[PDB]
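**Q** Below: one structure in structure tokens.
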Amino acid sequence: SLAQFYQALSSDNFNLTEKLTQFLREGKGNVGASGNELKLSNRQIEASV
């Protein structure tokens, strides 16, 4: 489960659905670290694990 995996990260943790809603409301976004990241690039959403 991606939400649980992101919430359980020791170094950089974040709430998946809250961040998704926030990045959808405004056309910018970048959270997490390299390898475990959620971002808005151009007009598309990318989630890397």
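In the structure tokens, chains take the letters A, B, ... in the order shown, each chain's residues start at 1, and ligands count up from 1 in the order shown.
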According to DSSP computed on the backbone, where in chain A is there helix (DSSP H, G or I)? Give the residues as a ChimeraX atom specification.

**A** /A:2-7,16-25

**Q** Write the residues of the preceding selection, restricted to C-alpha atoms, as an mmCIF file, in the first residue's frame.

**A**
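Everything below was put into part26.cif:
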data_model
loop_
_atom_site.group_PDB
_atom_site.id
_atom_site.type_symbol
_atom_site.label_atom_id
_atom_site.label_comp_id
_atom_site.auth_asym_id
_atom_site.auth_seq_id
_atom_site.Cartn_x
_atom_site.Cartn_y
_atom_site.Cartn_z
ATOM 1 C CA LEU A 2 1.646 3.207 -1.183
ATOM 2 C CA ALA A 3 0.020 5.399 1.472
ATOM 3 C CA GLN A 4 1.253 3.145 4.275
ATOM 4 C CA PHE A 5 4.710 2.895 2.702
ATOM 5 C CA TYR A 6 5.032 6.674 2.437
ATOM 6 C CA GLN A 7 3.740 7.235 5.971
ATOM 7 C CA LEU A 16 -0.230 10.682 0.254
ATOM 8 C CA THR A 17 -3.817 11.842 -0.236
ATOM 9 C CA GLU A 18 -3.334 15.244 1.410
ATOM 10 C CA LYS A 19 -0.276 15.962 -0.730
ATOM 11 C CA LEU A 20 -2.114 14.759 -3.837
ATOM 12 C CA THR A 21 -5.052 17.079 -3.169
ATOM 13 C CA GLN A 22 -2.732 20.005 -2.437
ATOM 14 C CA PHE A 23 -0.718 19.460 -5.620
ATOM 15 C CA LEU A 24 -3.931 19.138 -7.623
ATOM 16 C CA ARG A 25 -5.293 22.412 -6.235
#

**Q** Just the residues within 9 Å of residue A:40, please, counting only C-alpha atoms, with nothing from its chain fewer than 6 positions along; format it as a PyMOL selection string.

**A** chain A and resi 23-24+27-30+46-47

**Q** With only C-alpha atoms as the counted atoms, please give the residues lying no more than 9 Å from stretch 31-34 of chain A, apart from itself and same-chain residues fewer than 4 positions off, as number ranges by chain.

**A** A: 6, 11-14, 19, 38-39, 48-49

**Q** Quick one: DSSP strand (DSSP E) residues in chain A, as a JSON list (two decimals) with N, CA, C and O atoms, in the first residue's frame?

**A**
[["chain", "number", "residue", "atom", "x", "y", "z"],
["A", 30, "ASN", "N", 6.24, 18.97, -5.14],
["A", 30, "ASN", "CA", 7.44, 18.14, -5.02],
["A", 30, "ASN", "C", 7.58, 17.74, -3.56],
["A", 30, "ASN", "O", 7.73, 18.62, -2.70],
["A", 31, "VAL", "N", 7.53, 16.44, -3.27],
["A", 31, "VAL", "CA", 7.66, 15.96, -1.91],
["A", 31, "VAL", "C", 8.40, 14.63, -1.93],
["A", 31, "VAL", "O", 8.32, 13.87, -2.89],
["A", 32, "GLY", "N", 9.14, 14.37, -0.86],
["A", 32, "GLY", "CA", 9.90, 13.14, -0.73],
["A", 32, "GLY", "C", 11.34, 13.30, -1.19],
["A", 32, "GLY", "O", 11.80, 14.39, -1.55],
["A", 33, "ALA", "N", 12.05, 12.18, -1.17],
["A", 33, "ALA", "CA", 13.46, 12.14, -1.53],
["A", 33, "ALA", "C", 13.65, 11.33, -2.81],
["A", 33, "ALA", "O", 12.74, 10.64, -3.28],
["A", 36, "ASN", "N", 12.03, 7.83, -3.53],
["A", 36, "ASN", "CA", 10.70, 7.78, -2.92],
["A", 36, "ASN", "C", 10.15, 9.20, -2.99],
["A", 36, "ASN", "O", 10.36, 10.00, -2.09],
["A", 37, "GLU", "N", 9.45, 9.50, -4.08],
["A", 37, "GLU", "CA", 9.10, 10.87, -4.39],
["A", 37, "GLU", "C", 7.71, 10.95, -5.00],
["A", 37, "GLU", "O", 7.23, 10.00, -5.63],
["A", 38, "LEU", "N", 7.06, 12.10, -4.82],
["A", 38, "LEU", "CA", 5.79, 12.41, -5.45],
["A", 38, "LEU", "C", 5.88, 13.82, -5.99],
["A", 38, "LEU", "O", 6.15, 14.76, -5.24],
["A", 39, "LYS", "N", 5.65, 13.98, -7.29],
["A", 39, "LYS", "CA", 5.88, 15.26, -7.94],
["A", 39, "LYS", "C", 4.87, 15.49, -9.06],
["A", 39, "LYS", "O", 4.21, 14.56, -9.53],
["A", 40, "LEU", "N", 4.77, 16.75, -9.47],
["A", 40, "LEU", "CA", 3.95, 17.16, -10.61],
["A", 40, "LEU", "C", 4.89, 17.73, -11.66],
["A", 40, "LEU", "O", 5.41, 18.84, -11.51],
["A", 41, "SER", "N", 5.12, 16.98, -12.73],
["A", 41, "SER", "CA", 6.00, 17.39, -13.81],
["A", 41, "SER", "C", 5.17, 17.71, -15.04],
["A", 41, "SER", "O", 4.35, 16.89, -15.46],
["A", 44, "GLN", "N", 1.53, 16.30, -15.52],
["A", 44, "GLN", "CA", 1.33, 14.91, -15.14],
["A", 44, "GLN", "C", 1.85, 14.66, -13.74],
["A", 44, "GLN", "O", 2.73, 15.37, -13.24],
["A", 45, "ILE", "N", 1.29, 13.64, -13.09],
["A", 45, "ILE", "CA", 1.64, 13.27, -11.73],
["A", 45, "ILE", "C", 2.55, 12.06, -11.76],
["A", 45, "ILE", "O", 2.24, 11.06, -12.43],
["A", 46, "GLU", "N", 3.67, 12.13, -11.05],
["A", 46, "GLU", "CA", 4.62, 11.03, -10.98],
["A", 46, "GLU", "C", 4.83, 10.62, -9.53],
["A", 46, "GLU", "O", 5.00, 11.46, -8.65],
["A", 47, "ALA", "N", 4.80, 9.31, -9.30],
["A", 47, "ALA", "CA", 5.07, 8.73, -7.98],
["A", 47, "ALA", "C", 6.11, 7.64, -8.15],
["A", 47, "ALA", "O", 5.85, 6.63, -8.80],
["A", 48, "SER", "N", 7.29, 7.85, -7.57],
["A", 48, "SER", "CA", 8.41, 6.93, -7.71],
["A", 48, "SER", "C", 8.70, 6.26, -6.37],
["A", 48, "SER", "O", 8.77, 6.94, -5.34]]
